[PDB]
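1. Following this: a sequence and the matching experimental structure.
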Amino acid sequence: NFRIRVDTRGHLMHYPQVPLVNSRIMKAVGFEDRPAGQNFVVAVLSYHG
Amino acid sequence: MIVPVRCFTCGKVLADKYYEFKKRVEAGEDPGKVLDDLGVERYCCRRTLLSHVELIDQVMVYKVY
Amino acid sequence: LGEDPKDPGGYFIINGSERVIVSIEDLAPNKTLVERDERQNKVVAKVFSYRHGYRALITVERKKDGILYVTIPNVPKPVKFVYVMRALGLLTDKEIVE
Amino acid sequence: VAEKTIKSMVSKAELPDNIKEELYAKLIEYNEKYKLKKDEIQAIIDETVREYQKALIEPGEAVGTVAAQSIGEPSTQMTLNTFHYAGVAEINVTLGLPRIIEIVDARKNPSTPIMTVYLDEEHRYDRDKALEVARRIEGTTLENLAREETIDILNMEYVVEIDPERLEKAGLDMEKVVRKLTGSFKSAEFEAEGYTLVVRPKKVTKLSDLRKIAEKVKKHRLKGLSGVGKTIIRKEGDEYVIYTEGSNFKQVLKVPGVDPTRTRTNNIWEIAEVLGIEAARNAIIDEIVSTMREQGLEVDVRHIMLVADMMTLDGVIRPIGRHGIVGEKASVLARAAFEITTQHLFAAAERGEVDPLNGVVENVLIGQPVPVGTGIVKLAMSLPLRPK
Amino acid sequence: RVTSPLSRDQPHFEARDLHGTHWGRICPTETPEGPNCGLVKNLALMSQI
Amino acid sequence: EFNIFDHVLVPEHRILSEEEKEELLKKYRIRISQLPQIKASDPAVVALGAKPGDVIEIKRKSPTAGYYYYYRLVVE
Amino acid sequence: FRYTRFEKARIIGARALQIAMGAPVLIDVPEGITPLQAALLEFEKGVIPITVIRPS
Amino acid sequence: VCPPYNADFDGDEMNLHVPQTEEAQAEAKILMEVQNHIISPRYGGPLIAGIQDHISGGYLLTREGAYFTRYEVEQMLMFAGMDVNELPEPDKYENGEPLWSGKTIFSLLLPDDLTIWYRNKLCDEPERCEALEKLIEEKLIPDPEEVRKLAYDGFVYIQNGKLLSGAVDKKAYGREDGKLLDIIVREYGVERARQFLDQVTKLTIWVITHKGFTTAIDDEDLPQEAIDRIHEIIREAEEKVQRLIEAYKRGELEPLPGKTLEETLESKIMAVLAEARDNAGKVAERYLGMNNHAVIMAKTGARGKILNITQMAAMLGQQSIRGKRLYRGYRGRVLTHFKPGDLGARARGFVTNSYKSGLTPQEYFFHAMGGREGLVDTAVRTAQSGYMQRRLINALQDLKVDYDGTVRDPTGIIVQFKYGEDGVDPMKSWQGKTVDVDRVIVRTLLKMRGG
Amino acid sequence: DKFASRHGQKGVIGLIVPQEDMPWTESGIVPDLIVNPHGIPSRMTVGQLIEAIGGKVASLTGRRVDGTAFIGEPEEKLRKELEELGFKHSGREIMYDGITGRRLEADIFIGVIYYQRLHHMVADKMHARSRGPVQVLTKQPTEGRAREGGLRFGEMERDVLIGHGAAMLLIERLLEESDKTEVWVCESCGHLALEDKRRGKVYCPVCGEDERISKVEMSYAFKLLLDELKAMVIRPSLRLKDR
Amino acid sequence: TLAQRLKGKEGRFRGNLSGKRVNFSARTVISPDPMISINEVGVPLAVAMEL
Ligand SMILES: [Mg+2]
Ligand SMILES: [Zn+2]
Ligand SMILES: [Zn+2]
């Protein structure tokens, strides 16, 4: 119900995504039904500093 | 929040194969071949299609005129 | 109606802002706790007790010369345990002893 | 070229150089055994003076402020160490940041004192002789050689109890057993299995109140010298060093065998009354340094020496706050912004007093340039000035 | 949240340490840093009142 | 049997004759009352028999500049 | 006569302020320069006429 | 410039104010600029220097066998500001292809007269350092070919502007003591140092970037034989503790002098296990080679400690709280999963598994007790420090150094005849001493004799 | 803007480099976030490495790996499955550097880590003060972004500037950015004089005009402080001294 | 009254005299860039127009 609400400061991240590997508990709580974040694809190396 | 029409790393259209994916996987057809059976080679395109939530149907019900 | 089913509730909507009472961890009323040893005096016991709003402390200390005192909130000035015991309701020495 | 010929070239050049550099340079410049000839030797001395001449402090510095900040910065990075070391002798000496706070303040009392005792040329390499000294200073009453106390039944009235073996394996001197009646209050007599019993067959004073007898006889034992405590020995570089707990300076020097010229003591005050004031200054410096080195960090010695010298400026050592320098004389305004209570001490100055300025906080409150830094320079310039 | 009623500044070393009884009643890790640290704690997931 | 001397913490205090007072006081261009001031107690002054209104010359060793001098008075 | 660090800063600071309010400049031509940077080039050539009264 | 501010980069904020009046502005630029503060007044050493990538990249650039092809050399001298003419010359190795030894490219930065030699952290063979240590004393100028080309990787030897032997690590740059950046600011003013510092940074970065410096997950792996080696150590160390407990029960204790019997038992136990953890650490420093991308960071000094690399493939060790072992719990035990009255190794908080293999439920809870300790302390230690500093500032801020070299308080009471036991400023003195005769002799005698 | 994983690798976006100059793997993958390798074997977050491999296996297979504490997917299965899917077991690959273009002479790790954007966004931190409205009765600048304020120059900031020796810089910063009031002091009395408009002249109380009165510049704050002493029976004689 | 006016632990030394917020300033987050000289600082162009 974010679009019908009055609150001092709210946030809305456009495209959230379900986290690849998670915990079994997170599904039984309801975090998977309204998540908060995205899956990047990271490489580890030191670039130009 | 309807499926990202492009992937986030590899530029390739992807919305046109979301729906056809979902209904087929919700009948028992194993995901590891459905994705393969379509044009999804690298895994970078694959992550955005596997993990997504499409909340748009719940939010649409409420209105703001 | 206009609510989301995932909302668990448990808060008030006083004056617009959503206020919630965070539970406060008490120190077990109507109990007895024997305090430690040999810092300034000997051992002391402390008991919190509340009855209708007010909560007061009642220690029955015994400092290292055997006086054995009691603290009262209103005006510190400790009194001997046997002094206070007779002012309460036990007269004979056999009463206290037994 | 030889020894005597370079003891003169240095000599007439030593005027811009200092005393210490004279001894060091000659000794070292000699000790290079492939020894150069003459012309270059002059050049080295010529070069050396340039470095020294370039190292002096620029007059106008603010040595007070940088000394405070450099000592107050590592306190933030004062992390833990291996507090449970694999050592034995020194135990619970209160390291860390709270140690620094104790030395920066006066405090007659301080928590866990230790005094260090070295020994002369007979006790320096032998275990049996170091122990006799140690045993002579420990000092054991009667309330430590026991486990508890209770009373008896009818006429016995009291009893002394376990244990008795603290003399027949440690070696604490049966001759002094007879001594005990040295002006003692009561003192009965029953040395059976080494544990002296004490029977009192009397009256009205004590009957069974075994608590108040603490201040009596029980505390009044004296099985040793120097009413101080535990004594731990340690071989510190083939020398036995005696580490004692507590402190008792007046009577420790008057003990056979303790070398009086090398004992150092962690108690700041006791060193000032026995050794002297200047010796207290050295004790301040040494102690702060010791703390920093055992943490890893290092701080340059000139900062510590400034604070230590400045603190002993009256003869009597006084704390750095509220009872010392900020409380002592400054200008009247330099105590107005410190510990607001001032309405008894502030009105004191109202009876015959002046003030010029030249502080730091007075000039910043009034709008004048402070006398440190650039403020201490004055310019002058002749005014024809044809431009050309 | 479960809160304790003490002083936010003076150090209570014996009140902040994770006591053994917290197992299964109070979360061992969830504790916000700052001047509080240890005073405010969180209920474990598997605990009834 | 000991003394204030012969110890690794107390340096050798010595006293100046009357002449050197004026000579010293001209160099640093200062008044008499502006010097540090020991007390009439503490062994290092009473052993040498010093009177109030004196400038004791204390020479102490500093592990950086070698030999460094100082000057102090005595009051009650 | 070698300046100390504190005296150097002051001389520049004093000299720079004079250059703003008039006070003709020596050869210091290039292109548009602040009054501060003007004092730096003049000092680098050792032509600053301000002498330090030394207290001695 | 991010040791002096003590800043990191995870959101920390800084403010900037701009002075206005011409006297104030001038004063700020001459007296407070960054280059005048490379050495810190607290200790005699450089404060502004190379950090994490700057040190680690410097090692890869100067190891035995770092041959950079012609294209790369050319490309990187243009990345580091320096501006040379047609002298890359002359191609040390032309066997495979015409190419350049790593030492010569680094040598293009030091001025043409720096002679310095010092042992550094990466040495591991105190004999091979010493075989070369005599050939510098009794000759002072040899031919470079004989035994300097019989070089080691841990004995920095620079002679008249040429790095013959040695490798660069945290003994050249860095926030703690580095005796290369140190010497270059004393000998050759202040303005030179910033260019040498600046050009080293952009150089060292360009090699590290284009060369590849990742860490994977196999960097912490040990084979099956080494794993079994650690396991037998943990079994014996446990059984040693059990034997002492049985001795305590039967009253054959043999107790320590000072502490009481109950504390003697604990004192003996902690020493037994601390040896066993460190013994496992010696095994970890032995088997996994020095040529993977993780140990390299540990031995040079760029976010390293050999103690944590070993703590990722071996025992964690005991777990303590302010000294004593874990006692705070139920009436007779720590957790309710052990039997009442067990002072054994495993029961009283000793984790046996590492972070790779994974912690069990009992052990994981024990580790949390030791981690809250570090959290609480750090915020408390700051409180006492800040107040304490306010005391000493409001007591010493008045002192100045007069022109005759005398420190006087504002009432003319002379606090110190000849400042700081005269007369060298701590910002310019050599590790507590002054002028340093041992350095000046070697320096001037070498420049004249060498010609 | 601030980004941080769910393990504790807090960080700020450093540069938003064009897609072309980015090193890429001998396949079609182009990395999105390049993390400094000095942060993993320093903090000891082995869980970060395991999650990277775990996301790669999970994306290829198609099922979501279960990672709950203590009963999660055993470490050895993800490494043994990753190989049979067609990838070096260790997570590393051959990468080509996008700037020039040649393989790095090492293998470069790559994974699928779940990040999350935190709300400490730069739009709510940056603000500047030129010269704002201040208090009237106490005369100090205001606080916050809704009333245009930054931080203050109190106790510690004076002592640092004194340490350098910047006398001139000091004065400008702490006083001149307020009010400076000029008052006429009598030389032999010490008491503040008194004007009179319409005639245009000064006049101190005790001595009538003959005695040379002199101008003195001081901070308005200090003038009020003298008055408080003057309201009592204390006389603050200001004895001036010549240039 | 007067003795609570000049002092009373919160009067007019530490409150308004010896410490103030100042003018001509700015405050924001920092991010790295090793491609500028050791003494230079990058200032965002929005802040450059307000000072
Ligand atoms: Mg930070
Ligand atoms: Zn993709
Ligand atoms: Zn007048």
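-> Yep, that arrived. Numbering: from 1, shown residues only, chains lettered A, B, ... in the order given. Ligands and ions are numbered 1, 2, ... in the order given.
2. Which helix or strand contains residue H:443?
-> If you go by DSSP states H and E, residue H:443 is part of helix H:437-450.
3. For the chain, which segments are assigned as strands?
-> If you meant another chain, say so; for now it's chain A. Per DSSP state E, chain A has strands spanning A:38-39, A:42-44. These are given in chain order.
4. The chain in question should be chain F.
-> Taking DSSP E, the strands of chain F run over residues F:13-15, F:38-39, F:56-62, F:66-72, F:74-75.
5. and of those strands, who's closest to chain J?
-> When the strands of chain F are compared for distance to chain J using C-beta to the nearest C-beta, the nearest one is strand F:74-75, at 34.5 Å. All C-beta spots, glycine's among them, are computed from the backbone N, C-alpha and C.
6. Mind checking if stretch D:348-355 is in reach of chain H?
-> No. For stretch D:348-355 and chain H, the contact criterion (C-beta under 8 Å from any C-beta of the partner chain) is not met; the two come no nearer than 10.5 Å.
7. what does that stretch contact?
-> D:331, D:332, D:333, I:234 (C-beta atoms under 8 Å, 6 or more residues apart in numbering or on different chains).
8. if we go to 10 Å?
-> By C-beta atoms under 10 Å, 6 or more residues apart in numbering or on different chains, the surrounding residues in contact with stretch D:348-355 are D:331-336, D:342, D:362, I:229, I:232-235, I:237, I:239.
9. Could you turn the buried ones of the residues you listed into a ChimeraX selection?
-> Selecting in ChimeraX just the buried members of the contacts of stretch D:348-355, where the criterion is 16 or more other C-beta atoms under 10 Å in any protein chain shown, is done with this command:
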select /D:331,332,333,334,335,336,342,362
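10. List just the nearest of the contacts of stretch D:348-355 to residue D:107.
-> Nearest to residue D:107 among these, counting by C-beta to C-beta, is residue D:335 at 22.7 Å.
11. show me the contacts for that closest one.
-> Contacts of residue D:335 by C-beta under 10 Å, 6+ apart are D:326, D:327, D:328, D:329, D:342, D:345, D:346, D:349.
12. Apply 7 Å and report the result again.
-> With contacts defined as C-beta atoms under 7 Å, 6 or more residues apart in numbering or on different chains, the neighbours of residue D:335 are residue D:342.
13. thinking again about what came up before, looking at the strands of chain F, which is closest to residue E:6?
-> Shortest distance between residue E:6 and the strands of chain F, using C-beta to C-beta, is found for strand F:38-39: 48.1 Å.
14. The closest one vs chain D: in contact?
-> Yes. Judged by C-beta under 7 Å from any C-beta of the partner chain, strand F:38-39 comes into contact with chain D at F:38, F:39.
15. Which residue ranges of chain B form helices?
-> Using DSSP state H, the helices of chain B run over residues B:19-25, B:31-37, B:43-50, B:56-60.
16. Chain H too?
-> H:22-31, H:52-61, H:70-77, H:102-106, H:134-137, H:181-187, H:191-211, H:224-249, H:261-287, H:295-300, H:306-310, H:361-396, H:437-450.
17. Go through the strands of chain F and pick out the most buried.
-> Among the strands of chain F, the stretch with the highest mean neighbour count (mean count of other C-beta atoms under 10 Å in any protein chain shown) is strand F:38-39, at a mean of 20.
18. quick revisit: any chance of JSON lines for the helices of chain H, columns mean neighbour count?
-> Formatted as JSON lines, the entries for those read as follows, by neighbours: other C-beta atoms under 10 Å in any protein chain shown:
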{"stretch": "helix H:22-31", "mean neighbour count": "21"}
{"stretch": "helix H:52-61", "mean neighbour count": "23"}
{"stretch": "helix H:70-77", "mean neighbour count": "15"}
{"stretch": "helix H:102-106", "mean neighbour count": "20"}
{"stretch": "helix H:134-137", "mean neighbour count": "12"}
{"stretch": "helix H:181-187", "mean neighbour count": "18"}
{"stretch": "helix H:191-211", "mean neighbour count": "20"}
{"stretch": "helix H:224-249", "mean neighbour count": "13"}
{"stretch": "helix H:261-287", "mean neighbour count": "16"}
{"stretch": "helix H:295-300", "mean neighbour count": "20"}
{"stretch": "helix H:306-310", "mean neighbour count": "17"}
{"stretch": "helix H:361-396", "mean neighbour count": "17"}
{"stretch": "helix H:437-450", "mean neighbour count": "15"}
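19. Residue F:47 is nearest to which of these?
-> With C-beta to C-beta as the criterion, residue F:47 lies closest to helix H:361-396 of the helices of chain H, at 32.9 Å.
20. Show me what the closest one is packed against.
-> Here helix H:361-396 is seen to pack against helix D:63-72, helix D:97-104, strand H:350-351 when contacts are counted using 3 or more C-beta pairs under 7 Å, 6 or more residues apart in numbering or on different chains; DSSP states H and E.
21. let's see it at 8 Å
-> When contacts are defined as 3 or more C-beta pairs under 8 Å, 6 or more residues apart in numbering or on different chains; DSSP states H and E, helix H:361-396 sits against helix D:63-72, helix D:97-104, helix D:301-311, helix E:13-16, strand H:350-351.
22. Out of these, the one nearest chain J is which?
-> Closest to chain J of those is helix D:63-72 (C-beta to the nearest C-beta; 16.3 Å).
23. what packs against the closest one?
-> Applying 3+ C-beta pairs under 8 Å, 6+ apart, we find helix D:63-72 packed against helix D:301-311, helix H:361-396, strand H:400-401, helix I:155-164.
24. about what we covered before: out of the helices of chain H, flag the one nearest ligand 2.
-> Nearest to ligand 2, of all the helices of chain H, is helix H:191-211, at 24.8 Å by C-beta to the ion.
25. now the angle from that closest one to helix H:70-77?
-> Between the axis of helix H:191-211 and that of helix H:70-77 there is an angle of 140 degrees, by axes from the mean of the first three to the mean of the last three C-alpha atoms, to 10 degrees.
26. what helices or strands is helix H:191-211 leaning on?
-> Applying 3+ C-beta pairs under 8 Å, 6+ apart, one finds that helix H:191-211 makes contact with helix H:52-61, helix H:70-77, helix H:181-187.
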